[PDB]
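Just the one chain here, laid out as structure tokens, in the form deposited without adenosine-5'-diphosphate.
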């Protein structure tokens, strides 16, 4: 297919910045191929001089040359291996960086639709397989092709009537190798499917351990697992038998070709057309070719899978996001007035199934606006679309008589901030998490945010102060500290619009009395989302909405 050729062209364009390393590696490869081609000729000339009369000059010259060629081949092979390994690693690192940069620009709907494990497989092992195409597979393929051509040239130089027999014999070996490779691949993927089916049983058993323990059906589960194990064992036995039969066939064919070469070589020897060293070098050349052909077939088979993995990674990368045009606006001063004009929103995950319909209200800088009602957790949609996370299908949300799509990303998300019911924490320091997303923030701002959100209680004890190391995803803190750090993180930016989710239902009462009654709520629009009427004890403008419609 031309698609595979396009993929190879894209891979070459990716590997383009590593030109000098690849040139040096190819030159080292050529030197190694020449050295290992020329070694057995002198290895046979040593036997040639040893068999007949003794001449010290020829023996010394032959052993010196052979040692020199062996040393040169070893040195160049080591250099080629090092250069190719470095090139492969550089390619892997570059494509990992490019893939992460491309992935970070996609819309949230793609991340909701696509599971995390697929992205991890793309970024962990699938990106590694494409880095073995040029520095590994093309390397061994080219070296095997050139080695085979040179070896057959030398065998034709030695004796054509002995080379023609190998030429006739090789297609049988090629066909047998291809058939065995196809059968092995088929059996291997069947074995993988069977072992996945076997692991499904133990996953089901460990998932529902309480049920089976209550009903005492342990023997039934172990019988199902025994049946799955027998099904896998039959496939394993078939694979082993096929591999053993292939090895037996290969050994018999090697016997036949060796006997034919020996018989014809001795028949030509009796006419004086060959020497013992010539025959020995011919045996070494035949033994090398018989392995290099199979190496070539295996390497092509692996190159196909490498190209497939590269196709998967490139398909994952080349997705075009559905975000609107980037916004160039960013005023020095923002009033904070927000208007929704019949915004109507439907989730892109389930299109034509609207969640919001004809919503319309206005927000004031000095008036506190609260939202009430269960809504089936549908109140988070207006909070998400208020930060330009999801573009509205109908209507329009606007700030200061300007639509939200025309504002600069950093400026808009620095002027309008929000906290959810569940805070999300990273693996950095407390200072890192407080100043998250900030280009430069002094420790004084962190102190102000911590004392304004009443975090300094827990933070003061914290070893190494604020420079402590939080656990992964906040594993070293409880829910109260998570909420305190989240509200301090929101407060540290001095936002013109502040949105809170569950300010009293989930968040502490002290934080609700602090953030909603300080200077950050004196001249800034605050949108608090609560499922109860307790927020009515301080709210000014209360809005209730159910099933996508406002009362």
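Note that the rigid core is defined as the largest set of C-alphas that superpose within 1.5 Å between two forms. Residue numbers count along the first chain shown, from 1.
> As a check of understanding, is residue 113 unmodelled in at least a third of the other compared entries that model its flanking residues?
Modelled in all the others, so no.
> Counting only other entries that model residues on either side, is residue 273 absent from the coordinates in at least a third?
Yes, left without coordinates in at least a third.
The same protein also has a form solved in complex with adenosine-5'-diphosphate, omitted here; what follows describes it.
> Place adenosine-5'-diphosphate on the shown form using its pose in the entry with it bound and a superposition of the nearby C-alphas, then give a one-word verdict, open or blocked, with blocked set at 3+ atoms within 2.4 Å of backbone or C-beta.
Blocked, per the superposed partner pose.
> In the entry with it bound, does residue 324 have a heavy atom within 4.5 Å of adenosine-5'-diphosphate?
Although adenosine-5'-diphosphate is absent here, residue 324 would stay clear of it in the entry with it bound, with no heavy atoms inside 4.5 Å.
> Is there a non-hydrogen atom of residue 366 within 4.5 angstroms of a non-hydrogen atom of adenosine-5'-diphosphate in the entry with it bound?
The answer is no: residue 366 has no heavy atom within 4.5 Å of adenosine-5'-diphosphate.
> Since only the chain is shown here, I'm wondering whether residue 376 would be in contact with adenosine-5'-diphosphate in the entry with it bound (any heavy atom pair within 4.5 Å).
Heavy-atom contact with adenosine-5'-diphosphate at 4.5 Å: present for residue 376.
> Is residue 328 close enough to touch adenosine-5'-diphosphate in the entry with it bound, meaning at least one heavy atom pair within 4.5 Å?
Output for residue 328 is no: heavy atoms all beyond 4.5 Å of adenosine-5'-diphosphate.
> State the residue from 88, 187, 355, 264 whose non-hydrogen atoms include one within 4.5 Å of adenosine-5'-diphosphate in the entry with it bound.
Result of the distance check: 355.
> Among 73, 132, 344, 381, which has any heavy atom within 4.5 Å of adenosine-5'-diphosphate in the entry with it bound?
Partner contact (heavy atom, 4.5 Å) among the options: 381.
> Can you pick the stretch from 212-220, 346-354, 162-170, 406-414 whose heavy atoms fall within 4.5 Å of adenosine-5'-diphosphate in the entry with it bound?
Comparing against adenosine-5'-diphosphate in the entry with it bound, the contact stretch is 346-354.
> Using a 4.5 Å cut-off on any heavy atom, which residues of 105-130 would contact adenosine-5'-diphosphate in the entry with it bound?
Counting only heavy atoms within 4.5 Å of adenosine-5'-diphosphate in the entry with it bound, the single contacting residue of 105-130 is 112.
> Looking between this form and the one not shown after fitting on the rigid core, I'd like to know which of 507, 486, 499, 492 has a C-alpha displacement of 2 Å or more.
Residue with a C-alpha shift of 2 Å or more: 507.
> Align on the rigid core first; then say whether the Cα of residue 444 has moved by at least 2 Å between this form and the one not shown.
It does not, since the residue 444 C-alpha is displaced less than 2 Å between this form and the one not shown after the core fit.
> Core-aligned, does residue 354 move its Cα 2 Å or more between this form and the one not shown?
Result for residue 354: no, shift under 2 Å.
> Please determine whether the C-alpha atom of residue 531 is displaced by 2 Å or more between this form and the one not shown following superposition on the rigid core.
Moves: no, less than 2 Å.
> If the C-alpha spacing of residue 441 and residue 510 moves by 3 Å or more in the entry with it bound, is that a move closer or farther apart?
Farther apart, by at least 3 Å.
> So the C-alpha spacing of residue 124 and residue 188 changes by 3 Å or more in the entry with it bound; is that change toward closer or farther than shown?
Note: Cα gap between residue 124 and residue 188 shrinks in the entry with it bound.
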